[PDB]
Amino acid sequence: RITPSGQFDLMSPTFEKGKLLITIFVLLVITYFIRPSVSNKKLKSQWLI
Amino acid sequence: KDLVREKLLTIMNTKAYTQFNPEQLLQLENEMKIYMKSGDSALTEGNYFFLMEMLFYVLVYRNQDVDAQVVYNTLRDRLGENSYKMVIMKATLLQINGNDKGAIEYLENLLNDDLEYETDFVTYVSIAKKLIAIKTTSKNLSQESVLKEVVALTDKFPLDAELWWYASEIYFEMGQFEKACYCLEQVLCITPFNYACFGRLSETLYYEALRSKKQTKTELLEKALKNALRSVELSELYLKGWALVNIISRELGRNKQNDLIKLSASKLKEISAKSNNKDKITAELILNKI
């Protein structure tokens with residue numbers, strides 16, 4: 001079998017799924033951890049209650 | 001039921017609990033906690049703690065205040081005791097817990113430590129207002145409180161409407177009726193669309209007219225009409241503006257004043273329609289009495 005223009009229909013046998021899931025999980029946890037800090041600090045300090 | 005939340009937040013931003021009778025204040029205190037602990041959804045943290053400090057003040061007003069110490073302990077956790085609300089709250093706590101005046105001095109130098117703008121200007125504006133509230137009770141009563149406000153007012157903070165409004169109230173209570181016009185005019189200047197500063201600025205002119213000469217009476221009642229027409233123009237169901245327009249036009253009774261009398265009578269019968277509650281009893285009496 002030959003592919004003159006490269007193989008663009010089938011994606012790859014060497015796709016890096018784990019790195020993509022690691023990126024998604026890092027973004028998810030960093031959002032979930034930074035949300036309480038910004039919420040409490042800025043909302044309770046800006047109104048000076 | 002979030003309608004209770006609407007009522008509580010309206011009382012909050014209006015601070016209407018200050019003007020409550022002890023029976024309705026007790027009712028407020030009783031009905032606060034049930035929603036406070038039951039309807040905990042859709043309510044933000046800032047509103048949570050604002051309701052907590054409203055409950056603190058309600059308890060301090062009320063007879064028992066051990067729950068005041070408990071609530072202050074619960075609310076101390078966030079932003080400690082350096083926020084202006086917390087400073088005022090603990091000053092009141094130390095004033096009422098033992099009926100000792102000492103808090104003032106631990107507040108006094110604090111004001112003298114705020115000159116360097118370590119906090120916002122509203123912070124020590126509020127602290128100045130509270131310490132004047134302390135000192136008017138320290139020396140039980142005098143006209144000098146007005147002088148204190150003026151010396152605190154003129155150099156430091158003209159913009160604050162509340163101070164000029166209290167000056168105008170003190171002038172109207174037993175003082176001159178003329179300076180109150182200037183104070184209310186300033187309060188009108190800061191807050192352009194205040195629709196209750198026009199009712200007061202017309203009532204004060206009406207009171208000034210009742211002891212004046214006939215030409216000055218005519219001028220003052222003309223100005224009262226020209227100032228009450230803006231309370232008409234800024235609100236439809238405003239009771240006091242319509243009542244005042246009707247009363248002064250009835251006192252004059254001219255032909256176009258009679259047109260205004262017909263229109264104001266129709267509008268006061270609209271207000272006294274039973275959609276409004278407990279403002280019908282003060283409109284219908286003025287309508288049917290004379």
# chains A, B, ... in the order shown; residues from 1 in each chain; ligands from 1
>>> interface_residues(of="chain B", to="chain A", cutoff="8 Å", atoms="only C-alpha atoms", output="JSON, numbers by chain")
{"B": [46, 49, 50, 78, 79, 83, 84, 85, 86]}
>>> residues_around(residues="residue B:154", least_positions_apart="6", cutoff="12 Å", atoms="only C-alpha atoms", output="PDB file with N, CA and C atoms, in the first residue's frame")
ATOM      1  N   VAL B 146     -24.174  69.952  65.809  1.00  0.00           N
ATOM      2  CA  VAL B 146     -24.214  70.513  64.464  1.00  0.00           C
ATOM      3  C   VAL B 146     -22.887  71.179  64.152  1.00  0.00           C
ATOM      4  N   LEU B 147     -22.357  71.939  65.115  1.00  0.00           N
ATOM      5  CA  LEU B 147     -21.071  72.588  64.908  1.00  0.00           C
ATOM      6  C   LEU B 147     -19.998  71.550  64.650  1.00  0.00           C
ATOM      7  N   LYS B 148     -20.034  70.438  65.400  1.00  0.00           N
ATOM      8  CA  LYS B 148     -19.042  69.394  65.187  1.00  0.00           C
ATOM      9  C   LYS B 148     -19.133  68.878  63.767  1.00  0.00           C
ATOM     10  N   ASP B 160     -20.667  64.115  50.986  1.00  0.00           N
ATOM     11  CA  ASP B 160     -21.562  63.225  51.722  1.00  0.00           C
ATOM     12  C   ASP B 160     -22.935  63.853  51.952  1.00  0.00           C
ATOM     13  N   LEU B 163     -24.646  63.788  55.909  1.00  0.00           N
ATOM     14  CA  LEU B 163     -24.338  64.820  56.888  1.00  0.00           C
ATOM     15  C   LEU B 163     -25.186  66.059  56.658  1.00  0.00           C
ATOM     16  N   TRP B 164     -25.301  66.503  55.402  1.00  0.00           N
ATOM     17  CA  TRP B 164     -26.083  67.710  55.165  1.00  0.00           C
ATOM     18  C   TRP B 164     -27.543  67.444  55.504  1.00  0.00           C
TER      19      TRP B 164
END
>>> residues_around(residues="residue B:112", least_positions_apart="5", cutoff="12 Å", atoms="only C-alpha atoms", output="PDB file with C-alpha atoms, in the first residue's frame")
ATOM      1  CA  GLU B 105     -10.578  56.729  72.522  1.00  0.00           C
ATOM      2  CA  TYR B 106      -9.584  53.427  70.939  1.00  0.00           C
ATOM      3  CA  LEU B 107     -11.486  54.788  67.944  1.00  0.00           C
ATOM      4  CA  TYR B 117      -5.189  56.809  53.623  1.00  0.00           C
ATOM      5  CA  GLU B 118      -4.308  53.308  54.767  1.00  0.00           C
ATOM      6  CA  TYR B 124     -12.933  57.031  58.052  1.00  0.00           C
ATOM      7  CA  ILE B 127     -15.769  56.364  61.488  1.00  0.00           C
ATOM      8  CA  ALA B 128     -16.189  60.139  61.850  1.00  0.00           C
TER       9      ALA B 128
END
>>> select_by_dssp(residues="stretch 6-248 of chain B", states="alpha helix (DSSP H)", output="MDAnalysis selection string")
chainID B and resid 6:14 22:38 45:61 66:75 84:98 103:113 121:138 144:154 161:173 179:190 197:209 214:234 239:248
>>> residues_around(residues="residue B:136", least_positions_apart="5", cutoff="10 Å", atoms="only C-alpha atoms", output="number ranges by chain")
B: 130-131, 141-146, 148
>>> write_last_selection(atoms="C-alpha atoms", output="JSON list (two decimals), in the first residue's frame")
[["chain", "number", "residue", "atom", "x", "y", "z"],
["B", 130, "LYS", "CA", -19.95, 57.07, 64.29],
["B", 131, "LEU", "CA", -17.72, 59.04, 66.65],
["B", 141, "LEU", "CA", -27.50, 66.82, 74.14],
["B", 142, "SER", "CA", -26.56, 70.17, 72.62],
["B", 143, "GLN", "CA", -26.66, 72.21, 69.44],
["B", 144, "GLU", "CA", -22.85, 71.91, 69.31],
["B", 145, "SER", "CA", -23.22, 68.55, 67.56],
["B", 146, "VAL", "CA", -24.21, 70.51, 64.46],
["B", 148, "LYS", "CA", -19.04, 69.39, 65.19]]
>>> atom_distance(atom1="atom CA of residue B:269", atom2="atom CA of residue B:237")
10.3 Å
>>> residues_around(residues="residue B:261", least_positions_apart="4", cutoff="9 Å", atoms="only C-alpha atoms", output="JSON list (two decimals) with C-alpha atoms, in the first residue's frame")
[["chain", "number", "residue", "atom", "x", "y", "z"],
["B", 245, "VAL", "CA", -49.47, 69.88, 45.77],
["B", 246, "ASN", "CA", -53.13, 69.33, 46.61],
["B", 247, "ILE", "CA", -52.83, 71.09, 49.97],
["B", 249, "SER", "CA", -53.35, 74.48, 45.63],
["B", 250, "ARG", "CA", -56.37, 74.13, 47.93],
["B", 253, "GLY", "CA", -57.61, 77.79, 45.01],
["B", 256, "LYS", "CA", -55.39, 76.75, 37.09],
["B", 257, "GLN", "CA", -54.66, 75.77, 40.67],
["B", 265, "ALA", "CA", -57.50, 64.68, 43.69],
["B", 266, "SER", "CA", -57.73, 62.07, 40.94]]
>>> residues_around(residues="residue B:217", least_positions_apart="6", cutoff="12 Å", atoms="only C-alpha atoms", output="PDB file with C-alpha atoms, in the first residue's frame")
ATOM      1  CA  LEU B 205     -40.822  76.199  52.146  1.00  0.00           C
ATOM      2  CA  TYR B 206     -44.452  75.630  53.136  1.00  0.00           C
ATOM      3  CA  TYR B 207     -43.489  75.812  56.812  1.00  0.00           C
ATOM      4  CA  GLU B 208     -41.470  78.967  56.156  1.00  0.00           C
ATOM      5  CA  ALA B 209     -44.469  80.521  54.385  1.00  0.00           C
ATOM      6  CA  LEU B 210     -46.988  79.980  57.197  1.00  0.00           C
ATOM      7  CA  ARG B 211     -45.202  82.615  59.354  1.00  0.00           C
ATOM      8  CA  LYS B 223     -41.689  78.053  44.960  1.00  0.00           C
ATOM      9  CA  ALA B 224     -43.298  75.172  46.858  1.00  0.00           C
ATOM     10  CA  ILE B 248     -51.071  74.197  48.666  1.00  0.00           C
ATOM     11  CA  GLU B 251     -54.891  76.928  50.046  1.00  0.00           C
ATOM     12  CA  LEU B 252     -54.607  79.108  46.936  1.00  0.00           C
TER      13      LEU B 252
END
>>> residues_around(residues="residue B:197", least_positions_apart="5", cutoff="10 Å", atoms="only C-alpha atoms", output="ChimeraX atom specification")
/B:165,184-188,191-192,202-203,227-228,231
>>> atom_distance(atom1="atom CA of residue B:116", atom2="atom CA of residue B:157")
15.6 Å
>>> closest_residue(among="B:161, B:8, B:42, B:62", to="residue B:22", atoms="only C-alpha atoms")
B:62
>>> closest_residue(among="B:12, B:190, B:60, B:229", to="residue B:96", atoms="only C-alpha atoms")
B:60
